[PDB]
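Novice:
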Amino acid sequence: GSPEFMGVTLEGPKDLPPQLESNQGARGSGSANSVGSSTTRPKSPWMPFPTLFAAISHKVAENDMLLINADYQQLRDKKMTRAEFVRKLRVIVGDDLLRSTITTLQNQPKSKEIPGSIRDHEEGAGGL
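Right under this line is the structure:
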C-alpha cells in the first residue's frame, strides 16, 4: 500500500551509427573519331567511268547498277556534282572495290585500225 510513483525520465538513443560515406574511385567512358584517304590522278593511265561500270557488272546487282548509270547521267545533266555522285556511289559499291578495279582497267585491250589506203608496189621501169 501507500505508493510514491517515481516519474518519467527523459534520456534516449545516443551511441548512433558512424556517419561517414564514400565518393572514392573514378568513372568515364566515350569514343568519337573521323578518318579518310585521297590521291591525285596522272593523265597517262586509263579509267573512264562508262567502261568502269562494265568491269563492276560482275560484282554489282543489275537494278543497283541501273541506279548508278542514272546518277552518272544526271551528273552529265548538271543535276548533281561529281563528288556528290561519288558519295552516293561508295555506299553502293565501295571505294576499296573502286581501287581494286583500277588494275583491271589497266589490263584492258584496244584497237584503232585503218582501211588499206595504199596497195601499189609494181615495177617503176620506163624506156623499154
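Just so we're aligned, residue 10 is where the sequence shown starts under the working numbering, counting upward by one. Virtual Cβ for every residue (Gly too), placed ideally from N, Cα, C.
#1: Within 10 angstroms of the Cβ of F14, are there 16 or more other Cβ atoms? Answer buried if so, exposed if not.
#2: Where do the ends of the alpha helix (DSSP H) carrying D80 lie?
#3: Mark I77 as exposed unless 16 or more other C-beta atoms lie within 10 angstroms of its C-beta, in which case mark it buried.
#4: Check this for me: beta carbons of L114 and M56, under 8 Å apart or not?
#5: With contact counted as at least three CB pairs below 8 Å, one residue from each stretch, are the segment 71-88 and the segment 22-39 in contact?
Specialist: Answer, in terms of the structure:
#1: Reading the sequence shown from its first residue, position 5 is the one you call residue 14. With fewer than 16 other CB atoms across the displayed protein chains lying within 10 angstroms of its CB, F14 is exposed.
#2: Numbered from 1 along the sequence shown, position 71 holds the residue referred to as residue 80. Taken as a continuous stretch (DSSP letters only), the alpha helix (DSSP H) holding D80 covers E71 to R85.
#3: Counted from its first residue, the sequence shown places residue 77 at position 68. Classification of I77: buried, given that the 10 Å Cβ count is 16 or more.
#4: In the sequence shown, residue 114 corresponds to position 105, counting from 1. In the sequence shown, residue 56 corresponds to position 47, counting from 1. Yes. Within cutoff.
#5: The segment 71-88, when compared against the segment 22-39, does not touch it at the 8 Å Cβ threshold.
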